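Contents: one structure, followed by commentary.
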Amino acid sequence: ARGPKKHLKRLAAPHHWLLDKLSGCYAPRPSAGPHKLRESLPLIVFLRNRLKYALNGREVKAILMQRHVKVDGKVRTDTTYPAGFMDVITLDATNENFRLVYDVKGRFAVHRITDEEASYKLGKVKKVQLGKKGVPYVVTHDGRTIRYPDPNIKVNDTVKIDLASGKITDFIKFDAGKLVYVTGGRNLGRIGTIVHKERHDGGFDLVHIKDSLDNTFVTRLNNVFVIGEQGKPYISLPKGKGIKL
Amino acid sequence: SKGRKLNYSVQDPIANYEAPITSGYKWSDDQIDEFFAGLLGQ
Amino acid sequence: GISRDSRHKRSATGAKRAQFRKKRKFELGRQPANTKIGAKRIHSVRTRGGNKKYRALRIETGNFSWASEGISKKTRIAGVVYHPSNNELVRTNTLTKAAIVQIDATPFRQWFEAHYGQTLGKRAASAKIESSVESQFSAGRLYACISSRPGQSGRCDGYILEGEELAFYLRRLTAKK
Amino acid sequence: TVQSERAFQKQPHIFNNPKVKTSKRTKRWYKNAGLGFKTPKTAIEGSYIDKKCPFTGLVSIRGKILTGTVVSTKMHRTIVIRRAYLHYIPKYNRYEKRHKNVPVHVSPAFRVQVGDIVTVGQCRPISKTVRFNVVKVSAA
Amino acid sequence: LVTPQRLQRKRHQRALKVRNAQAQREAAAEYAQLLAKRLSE
Amino acid sequence: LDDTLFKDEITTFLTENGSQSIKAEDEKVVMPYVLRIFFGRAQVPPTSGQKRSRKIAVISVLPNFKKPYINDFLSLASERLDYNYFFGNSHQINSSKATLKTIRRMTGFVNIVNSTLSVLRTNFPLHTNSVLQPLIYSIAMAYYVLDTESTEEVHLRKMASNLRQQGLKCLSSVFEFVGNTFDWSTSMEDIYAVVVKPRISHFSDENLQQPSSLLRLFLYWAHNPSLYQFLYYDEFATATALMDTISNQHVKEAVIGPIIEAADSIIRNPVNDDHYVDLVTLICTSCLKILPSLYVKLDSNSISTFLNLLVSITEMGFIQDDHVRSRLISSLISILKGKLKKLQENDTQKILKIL
Amino acid sequence: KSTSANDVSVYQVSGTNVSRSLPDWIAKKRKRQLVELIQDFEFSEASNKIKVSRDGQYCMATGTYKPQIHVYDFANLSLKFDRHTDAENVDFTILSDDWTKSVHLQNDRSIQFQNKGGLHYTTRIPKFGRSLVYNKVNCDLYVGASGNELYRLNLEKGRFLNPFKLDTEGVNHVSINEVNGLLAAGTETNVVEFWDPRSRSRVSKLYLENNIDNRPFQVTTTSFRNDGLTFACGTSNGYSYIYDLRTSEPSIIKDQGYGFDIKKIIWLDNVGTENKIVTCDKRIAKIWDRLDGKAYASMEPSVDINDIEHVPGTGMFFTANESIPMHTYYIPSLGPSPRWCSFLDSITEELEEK
RNA sequence: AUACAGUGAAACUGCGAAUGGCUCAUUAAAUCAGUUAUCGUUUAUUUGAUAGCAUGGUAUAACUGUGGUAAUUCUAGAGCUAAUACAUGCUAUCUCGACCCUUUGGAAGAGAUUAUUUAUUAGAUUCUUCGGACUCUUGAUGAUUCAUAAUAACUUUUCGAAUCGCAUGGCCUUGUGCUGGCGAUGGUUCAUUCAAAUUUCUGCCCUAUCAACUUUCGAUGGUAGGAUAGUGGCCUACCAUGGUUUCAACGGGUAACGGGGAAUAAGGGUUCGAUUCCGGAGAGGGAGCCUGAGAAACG
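Residue numbers (the authors' numbering), protein chains in the order written: chain DE, 2 to 246; chain JK, 459 to 500; chain DI, 2 to 123, 146 to 200; chain DL, 6 to 145; chain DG, 178 to 218; chain UT, 892 to 1189, 1191 to 1247; chain JC, 4 to 37, 47 to 366.
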């Protein structure tokens, strides 16, 4: 590898996109964007193989440049923009909104959504720091920075944020026994309450969680995305509610 | 040491580099040697 | 070019390796900007990314600071008096970090006269300075220590040696001469 | 010895002003390495300068913490340790007596002899062969 | 060639500069009020 | 004339005892135009980092060579300026010249002179025609425009206020830097008239929240034995302004304190001349005014030094009668009501000597 | 293209346009924002030393930043080619009549070998070499090094028979005479030694001397004259002695210039006389007739020098220094312009009618 | 449409050509496979935050002509003309607010008002009007001399819009006064995004008819210095002699590039491993070198 690689062969494409195998030999690579490289989902695949509103790449391109698609209140225009976990998509001529989320097997899937819930979104408070002029800021998972954050915010939090204006609505700590979402891991995607939190001093800080079918399992703070309290999830989950039969 | 030791080690390329050369002596070295004798020593 | 890795060296179990792949751009070695006293000569090198590394090869002026009082000024240079790298380098007057030098004292003398009114040599509580440094003032010739890396910034910024380390390097100078 | 070499050995950026006549004329900075590990008094109040010192040197321990036994002590500020362990032989379905030698930087604060049981940790590589810095000794 | 649109661009540039300055000042003032009230409480 | 190597060329040839240092006759003949070129090089505005770098370079340049060169430089500055309006009059000006360009010249002069003071803290002398006349002329113009124009010219009034503040602070700095180098009786009348015009009229109502250059200058006036000339020239107008500041209870303790170290210094300093007795009786009235203070308005160092003031008052005994002894017992009960944990055993023993 | 002296005509055919106190780099920026003989007679940063090849057609130069060697040719009147090396060379020499083999003492305590095919492998030296010379009757690279050692290596043998002894701290200047194949080494400690090959024995040790200001000298030149018989030494006070082959009495004595050290003293086989050339870091170069020891000319290059060379025929003086351009000088009074620059007769006519 | 405006040749400028593709000859911890570090570092672009003079200069390509030569992806000579070309440069806020006022506050006044290099700091570890009062002792990790915040200077040296589309308004001293829409391009830092760079732990073919080894020229480290993006016997200046070991080092044998996969007797496990996946390495000889965020490219 001389330098950067700007392709992705079809087979080695992220297996959680569930592309059909015998269509061709190349895969669509998301561009640089607000989410990571193995764990994003591009508008191209979301329109060609989830909404099925498309038959051809050029058709997806045509819709995109006619600009019916705006992401998080912002019009995107490429075929490679990498939408990420727990994300917002809006289509006007349908009055459709999509909360992009996970399923039981860990794939992405849609969540049909209306405006009153589209209007808010939740960044995982991940890196708090301060810089020039000693100004404070916080860094959410989506690569979004928020300067002048609430001093009541610490690491590993979940903050509900307005999209149009951009000012914080509220937030949520990391507290034991709360409805949370596990991002990675073998058994990711389930939702339960964190009974407690094991700590390793700068190491893997494992966490035990009971699920609503009342079963214990183990996750890590890297994979846990805090959702909310008991009986109060703050985002309309797709059906399944973490129950796996 | 690192490279600060003088050992009379064999260097092939310079051993066969450019030698031999001429005896570019414009005298017979006999008058030269007795001239050394007749230098500021005497 | 000047390599950087270590696979060219032997192993730790008494063995010699072979060639793995050729020299690449990300293991570059470059020339030391061995600076001598002279007209300020700075060269610009655009390096990896958008970096601009300046290397100086002749320098006569640098920034040096007095510590106890806590001042700092631009000043000339007489030239290197010691550098633990090589005494031959000191003789040849090669400027390098962690070296000992002789530097002018008239700027600090002018500063002291302007700020104090008491001329050094020949507010007394704040005007008291070390005997060696005031003798250096009277001679007009002071000492200093340079610790700026030459071939990284082309800058010569250092401090005037205070009592303990000044006497330390002075006894070193006397042990030399 | 306090000037063990031809340069003014000192930890950088520490300045003790001669203007103030503090009783402690030698300021010694250190750091609590933590990680569940204690900082010896000899280190925090020694009179030595060491940049590779795990507790006073400007390098941090991190990553992997490993155990061994001292073998050779003919070498300044660095001691090699021995690890013995079991091997994975499939043909005869057995273990095997295995040994490895790991040189590790040692700080002058600690006292070491051959046969001691010591623990070390990972730091940024310093020399061609050394990779680690000790954190504790222990009598054996 | 100087144009009415160039004049408009100049006034717009100054307007956006002062606008973001004002917005930054308002955000700072609101954060200060919030911090003072929470520290008192 | 070059720019990109200006500080290099300066620090190489133009410094004395350096390479190609200028000889005596050579400088005698070439410095005038050198003065003009450095006048330009200081007229350059430092609205950037490199520009302020070369400005600090040139201000470090000036205190090197010799003084009469700088003196002629300041003379040229004043020649660009003028004071002959005021001083063909006394405090009048026939053609009131308050143009923005004129005040810009004023301000540039203020900048250069304060920079020269900062870089030549002690060794600077005071060339009278270039230090006394122009500064008082500038502040006089500031007051003239302040009282004549309305608020309409916001730019003009703002820079007039800034010029006045800078003139006050630079006069204070030069006074505290000279100390008593030479008698300034040439224009003590004019400068003290300028002092008594706005200050004693409105010294307490405005300058009471944070310390003022005027306050510290009056502190230096009390401190230096030769600076009582204003106090003994006017009927203690400055003393009454200080009394008004003390009486005003909206003044902060870190402003009132320095007033009290100044009072301690002026009490301690004796002068066997006229009005010194009236001055010390005015400070007795100041003690009467400070009787309720130190605990409703006023801080360990401050309380300690005011206690020392009371002690020194006790020993030297400039106040003796039964009225001031009743006031002294009132102050004693107030200060013994005050705390003692943050005090020193010696300070408590000095309380014991007061008792 | 200028002329400094009034009685004698010289020519800065190459050199700085402005004399002093103004940066050459700033000058070129300004003026190129606003006539050369050999294009890119230039390193544009500095220069160490020039040795014209014995063919009379090559110009080898050492350039400092990005240390390298410039290879000019006179047939093309430009750079034949450049070649980078590791460090800025201290001493170099072309072994052959052509530059096919060149060897240079490199300040990294080492020796390197340029060849027509490439750059043969570097070799270290135990002590910092100070002056390397090739004995040409017996194929020897021998260097007076840091301290008491004069290392030696043969081009047939390749070992070190013996590093000869110089009982001083440094080896200030070395020359070899081939008219009489002797070894000369002068040392700042005011000590000059002469060594004999075929016997491996020093034969002379002398030159204890003091100046008017009573300071030990700094002998930066220890060479001889065209006869290979009488020698010359030159030191810091503008002080040049010229001894004969076997006398302690200075045949010629002069002091001139300043405390700045004279850098090179060179003989000249003038048509009717012998001339002598000094280059000194007083930024000066002077011309004498040796027999009178009289200053026929004096020249101010307006930028100081690190090394000088003269064309074997006449007229040309290469000068390699710290300057942006290394520069050459023409003398009409000793001979015309060389064949390849024959038109500089016309250039001289142009300046004279100018 | 009397500046131009549609269309669009050429040419200037921007971006990109380091992907993809092919080849297997090499190599027995060399990479590799797994894991970790980055408190050891650089990052075009995407993405988020982020900044207090009515407008100027020259110098040219594409153009036109004249040429020359046997001659190219020949040039000369001469005459033109643009920049997101090149090189230059201009434009009021915040603290205490006495005093007036009670509302809502003003109100003189005393005050502060991008980057480089070094130095010095901070960043430590009880009474009750039982209705109610406090009337006492930054984040970060496991930690950084971190982030930050400042002082002073320091710099052959940074930008802090001399552009640009579509429309075309708002007010009114109807001036063409003064404001103002949607959006492209640029530019600072950080963040983030793709990588990259080193590196922890383990795991290699046959082999003693190979027991001894490196220790020079580094073979082990220390000190110190140069070296880039960064530590480093990376290199070097001074000290010491470390270090592999039959626990086979060391070398030697592999028409074996590595991993996965495939076939394989019913059962031990044996054969291709050429396939369509992911790594590694590479294309007359060599070296020097040029750009660029990215290279020893095949330019």
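Beta carbons are placed, not taken as given, at the ideal position from N, Cα and C, and that holds for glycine.
(message) Here's the rule: buried if 16 or more other CB atoms are within 10 angstroms of the residue's CB, otherwise exposed. What is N138/DL?
(response) Position 133 of the fourth sequence, counted from the start, is the residue given in the question as residue 138/DL. Under this definition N138/DL is a buried residue.
(message) Would you say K133/DL lies against chain DI (beta-carbon separation less than 8 Å)?
(response) Counting from one through the fourth sequence, the residue named residue 133/DL turns up at place 128. Judged by the 8 Å Cβ criterion, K133/DL is in contact with chain DI.
(message) Check for me: the beta strand (DSSP E) holding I62/JC runs from which residue to which?
(response) Position 50 of the seventh sequence holds residue 62/JC. 62–64 is the span of the beta strand (DSSP E), which, as asked, contains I62/JC.
(request) Just confirm the distance between the C-beta atoms of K127/DE and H142/DE, as a whole number of angstroms; I'd bet it's less than 8 Å. (result) The sequence position of residue 127/DE within the first sequence is 126, counting from 1. The sequence position of residue 142/DE within the first sequence is 141, counting from 1. About 5 Å; that satisfies the 8 Å criterion.
(request) Count the other C-beta atoms from every protein chain shown that fall within 10 angstroms of the C-beta of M1208/UT, then say buried if there are 16 or more, exposed otherwise. (result) One-based indexing of the sixth sequence puts residue 1208/UT at position 316. That one is exposed.
(request) Have a look at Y182/DE and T80/DE and give me their C-alpha separation to the nearest angstrom. (result) Here residue 182/DE refers to the residue found at position 181 of the first sequence. Here residue 80/DE refers to the residue found at position 79 of the first sequence. Their backbone Cα atoms lie some 29 Å apart in a straight line.
(request) Closer than 9 Å, Cβ to Cβ, to anything on chain JK: give me those residues from the region 169–184 of chain JC, in chain order. (result) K169, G170, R171, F172, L173, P175
(request) Would you kindly work out how many angstroms separate the C-alpha atoms of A34/DI and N94/DI, rounded to a whole number? (result) Numbered from its first residue, the third sequence carries residue 34/DI at position 33. Numbered from its first residue, the third sequence carries residue 94/DI at position 93. For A34/DI and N94/DI, the distance between alpha carbons rounds to 13 Å.
(request) Alpha carbon to alpha carbon, how far is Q934/UT from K914/UT? Give it in angstroms, no decimals. (result) For the purposes of this step, residue 914/UT is taken as residue 23 along the sixth sequence, with counting starting at 1. For the purposes of this step, residue 934/UT is taken as residue 43 along the sixth sequence, with counting starting at 1. Approximately 27 Å between the Cα atoms of the pair.
(request) Report yes if the CB atom of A1031/UT is closer than 8 Å to the CB atom of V1086/UT, and no otherwise. (result) Position 140 of the sixth sequence holds residue 1031/UT. Position 195 of the sixth sequence holds residue 1086/UT. Not closer than 8 Å, so no.
(message) Between the region 1102–1115 of chain UT and the region 1143–1150 of chain UT, can you find at least three pairs of beta-carbon atoms closer than 8 Å?
(response) yes
(request) Name, please, each residue of chain JC whose Cβ falls closer than 8 Å to the Cβ of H116/DI. (result) For the purposes of this step, residue 116/DI is taken as the residue at position 115 of the third sequence. What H116/DI touches in chain JC: nothing, since even the nearest Cβ is about 32 Å away.
(message) Quick test of your reading: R82/DL and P113/DL, contact by CB under 8 Å. State the CB separation rounded to the nearest angstrom.
(response) Translated into positions along the fourth sequence, residue 82/DL becomes position 77. Translated into positions along the fourth sequence, residue 113/DL becomes position 108. Indeed, because the Cβ distance is near 6 Å, the residues count as touching under 8 Å.
(request) May I ask which residues mark the beginning and end of the beta strand (DSSP E) holding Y342/JC? (result) On the seventh sequence, position 330 is the one that residue 342/JC refers to. From DSSP, the beta strand (DSSP E) with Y342/JC extends over 339–342.
(request) Determine the extent of the beta strand (DSSP E) in which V145/JC is found, giving its start and end residues. (result) Position 133 of the seventh sequence, counted from the start, is the residue given in the question as residue 145/JC. From DSSP, the beta strand (DSSP E) with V145/JC extends over 141–147.
(request) Please list the partners that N192/JC has in chain JK, where partner means a Cβ-to-Cβ separation under 8 Å. (result) Mapped onto the seventh sequence, residue 192/JC falls at position 180. What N192/JC touches in chain JK: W485, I490, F493.
(message) I'd like the span of the beta strand (DSSP E) that includes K194/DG, first residue to last.
(response) Walking along the fifth sequence from the start, residue 194/DG turns up at place 17. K194/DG -> not in any beta strand (DSSP E); alpha helix (DSSP H) instead, spanning 181–217.
(message) Closest to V81/DI by C-alpha separation, out of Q32/DI, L165/DI, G51/DI, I72/DI, would be which residue?
(response) For this step, residue 81/DI is matched to residue 80 along the third sequence. Comparing Cα-Cα distances from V81/DI to each of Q32/DI, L165/DI, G51/DI, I72/DI, the minimum goes to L165/DI.
(request) Check each residue of the region 92–105 of chain JC: if its Cβ is closer than 8 Å to any Cβ of chain DI, include it; give the result in chain order. (result) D98, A99, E100
(message) Check whether the region 243–250 of chain JC and the region 280–287 of chain JC are in contact - that is, three or more C-beta pairs closer than 8 Å.
(response) no
(message) Looking at the secondary structure, which residues open and close the alpha helix (DSSP H) in which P1149/UT lies?
(response) For this step, residue 1149/UT is matched to residue 258 along the sixth sequence. Element bounds for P1149/UT: 1144–1159.
(message) Please classify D1214/UT as buried or exposed, where buried requires at least 16 neighbouring CB atoms within 10 angstroms.
(response) In the sixth sequence, counting from the first residue as 1, residue 1214/UT sits at position 322. Exposed is the call here.
(request) Could you name the residues that DSSP lists as bridge partners for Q111/DI? (result) In the third sequence, the residue the question calls residue 111/DI occupies position 110. Note: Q111/DI sits in no beta bridge, so no partner.
(message) Can you look up residue 268/DE in the DSSP assignment and give me helix, strand or coil?
(response) This structure leaves residue 268/DE out entirely; chain DE is present only between 2 and 246.
(request) Give me the Cα-Cα distance between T159/DE and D116/DE, rounded to the nearest whole angstrom. (result) For this step, residue 159/DE is matched to residue 158 along the first sequence. For this step, residue 116/DE is matched to residue 115 along the first sequence. Taking the straight line from one Cα to the other gives about 21 Å.
(message) Please list, in chain order, the chain DL residues whose beta carbon lies closer than 7 Å to that of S66/DI.
(response) Locating residue 66/DI in the third sequence gives position 65, where the first residue counts as 1. Chain DL residues near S66/DI: none, gap ~11 Å exceeds 7 Å.
(request) Look at the Cβ atom of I169/DE, then the Cβ atom of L123/DE, and state whether they are nearer than 8 Å. (result) Stepping through the first sequence from its first residue, residue 169/DE is reached at position 168. Stepping through the first sequence from its first residue, residue 123/DE is reached at position 122. Against a cut-off of 8 Å, the Cβ pair of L123/DE and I169/DE comes out as no contact.
(message) One question on the structure: do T134/JC and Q124/JC come within less than 8 Å of each other, judged by their Cβ atoms?
(response) Your numbering for residue 134/JC matches position 122 in the seventh sequence. Your numbering for residue 124/JC matches position 112 in the seventh sequence. It is a contact, given that the beta carbons lie within the stated cut-off.
(message) Check this for me: beta carbons of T199/JC and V231/JC, under 8 Å apart or not?
(response) The count along the seventh sequence starts at 1 and reaches residue 199/JC at position 187. The count along the seventh sequence starts at 1 and reaches residue 231/JC at position 219. Yes, the pair counts as a contact, with Cβ atoms nearer than the cut-off.
(message) Taking 8 Å as the threshold (beta carbon to beta carbon), is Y149/DE in contact with chain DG?
(response) Within the first sequence, numbered from 1, the residue matching residue 149/DE stands at position 148. Yes - at least one Cβ of chain DG is within 8 Å of the one on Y149/DE.
(request) Could you work out which residues of chain UT lie near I29/JC, taking near to mean beta carbons separated by less than 8 Å? (result) One-based indexing of the seventh sequence puts residue 29/JC at position 26. Going along chain UT in sequence order, the residues near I29/JC (Cβ under 8 Å) are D893, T895, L896.
(message) Tell me which residue opens and which closes the alpha helix (DSSP H) that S1063/UT is part of.
(response) One-based indexing of the sixth sequence puts residue 1063/UT at position 172. Taken as a continuous stretch (DSSP letters only), the alpha helix (DSSP H) holding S1063/UT covers 1045–1069.
(request) Identify which residue in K4/JC, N238/JC, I62/JC, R164/JC has its Cα closest to the Cα of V21/JC. (result) Counting from one through the seventh sequence, the residue named residue 21/JC turns up at place 18. Minimum Cα distance to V21/JC is reached at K4/JC.
(message) Which residue marks the beginning of the beta strand (DSSP E) containing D94/JC, and which one marks its end?
(response) As a first step, residue 94/JC must be located in the seventh sequence, where it is residue number 82. Here the beta strand (DSSP E) through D94/JC covers 90–96.
(message) Below 8 Å on C-beta distance, what does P152/DE contact in chain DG?
(response) As a working mapping, residue 152/DE is identified with position 151 in the first sequence. Simply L212, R215.
(request) From the DSSP output, in three-state form, read off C128/DL for me. (result) Translated into the one-based positions of the fourth sequence, residue 128/DL becomes position 123. Residue state, collapsed to three classes: coil.
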